[PDB]
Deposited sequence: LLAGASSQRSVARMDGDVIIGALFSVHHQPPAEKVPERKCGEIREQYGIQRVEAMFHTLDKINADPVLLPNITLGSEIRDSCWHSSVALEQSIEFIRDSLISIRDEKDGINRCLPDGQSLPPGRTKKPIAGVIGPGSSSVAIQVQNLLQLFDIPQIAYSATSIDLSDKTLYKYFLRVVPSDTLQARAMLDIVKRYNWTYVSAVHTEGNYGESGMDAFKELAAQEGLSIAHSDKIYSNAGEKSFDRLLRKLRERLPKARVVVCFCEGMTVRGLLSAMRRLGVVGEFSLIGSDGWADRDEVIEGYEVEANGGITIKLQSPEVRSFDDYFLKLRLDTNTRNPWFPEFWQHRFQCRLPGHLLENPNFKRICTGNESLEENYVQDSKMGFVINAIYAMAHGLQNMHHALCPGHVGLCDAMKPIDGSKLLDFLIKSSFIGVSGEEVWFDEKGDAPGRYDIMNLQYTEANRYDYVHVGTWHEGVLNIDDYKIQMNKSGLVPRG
């Protein structure tokens, strides 16, 4: 009985977005979700509607075959995503040709385990886990976002650029830190790099554990000034805090993964200790054409997004008479107010274009000379569509070239930043790692 955002067309593309937060602890068994989300939820629902409209109006891509949608809420939760994925396949047990999403790797894995049983290709836009490259387990999965293994690669390229042969290695416990570090250490051993102090830090580690980590790192100075951190941001923060307690500054060169990236909250109150840090993050340029569409949406005319009323009330802290807020909505409020575009918007859009390019390629091969769908695509053969998707390529929404390797994995493009004192402290852009190629301003770093 959960809401579904729909658009009819010749071929239906499924999607799972986090329209709401996960069930609160108490709401878990009933699968009742948390509050509505804009950036991970409403913005993505809307980007999908608008992208399908653009593809449909495009005479060059799928000229005679229209795309529709069936967009479901994952609530950033494995149980709900699975419940909703069953809804995709329920009638078969218009079928969906493939699925965009869900957002997180643990949830994407749950969904893939179901989808693959029905030969439904799945294209992720933000799931970066290294496990998902395993095609013996996840045959039907592919993605337009780089695997975290390319972080390990980039960080090692940075180390090698400056001719270091020893480094220390710290990671956070859990899939993200451990598999990222495992990838780094595997490459390091192949390429002549030696590990000094190695440590795995728990999510709940106290000040004493951090104190000790700092002691172990300082023991290897000065031979191992470089500390490679495949770390969640609060692991980095715990190290900075230990530095403060000991009263030491600037002994190390910290190289951090995107758990740290350019997050102010990691270094707030500890800028002096963090200064000099090198970090990476996914490149994600804003998509202007999304803003042009989204910022113009109106409560009264947006009928196709069934969650838009719930959103409008939350967004403008108001109520629609006929539940928590005093103000009565006018419908004339401005979405520009405090507006921030989903940082992953470009990947969401490219994943949808990817689905469209796979279908076009399928049509060229299976229905040559036939206007629109032919019998060979009635219904669409998911196993064949997977093959076509993997071999598809195109220029994505920000000018980058989108394509997939044999494992369904994407190329990687990261920004390299260096925390610096300015005249405030800023994460200064010092270069990029672009599809295997590191480029850094050595002078600025």
item: Missing CA stretches, deposited numbering from 1, N-terminus first; value: 1 to 7, 101 to 126, 356 to 360, 462 to 463, 486 to 496
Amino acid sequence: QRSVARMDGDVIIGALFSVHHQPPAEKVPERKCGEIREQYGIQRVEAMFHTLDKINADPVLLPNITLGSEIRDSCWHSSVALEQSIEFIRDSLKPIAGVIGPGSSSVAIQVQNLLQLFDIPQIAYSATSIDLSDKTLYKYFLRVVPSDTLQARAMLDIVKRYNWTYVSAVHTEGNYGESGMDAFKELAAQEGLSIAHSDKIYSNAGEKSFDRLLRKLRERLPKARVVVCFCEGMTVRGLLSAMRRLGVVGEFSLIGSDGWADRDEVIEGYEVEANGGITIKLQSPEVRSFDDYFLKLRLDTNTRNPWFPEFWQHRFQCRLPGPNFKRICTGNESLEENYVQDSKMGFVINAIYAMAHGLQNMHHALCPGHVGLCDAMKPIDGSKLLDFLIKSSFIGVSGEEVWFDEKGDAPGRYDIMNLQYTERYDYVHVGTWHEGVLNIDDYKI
From here on, numbers count along this sequence of modelled residues.
query: 227 to 235 versus 332 to 340 - greater average Cα B-factor per the deposited record; finding: 332 to 340
query: Average Cα temperature factor in the PDB entry - higher stretch of 80 to 88, 293 to 301; finding: 293 to 301
query: Highest-ranked of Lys378, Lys407, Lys391, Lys384 once sorted by CA temperature factor in the record; finding: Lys378
query: Highest-ranked of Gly9, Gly14, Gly431, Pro23 once sorted by CA temperature factor in the record; finding: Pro23
query: Chain-wide C-alpha B factor ranking for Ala5, given as lowest, middle or highest third; finding: middle
query: Third of chain Cα B-factors occupied by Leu438; finding: lowest
query: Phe118 - which third its CA temperature factor falls in, relative to the rest of the chain; finding: middle
query: Within-chain third of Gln190 by Cα B-factor, per the entry; finding: highest
query: Chain-relative CA temperature factor third for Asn163; finding: highest
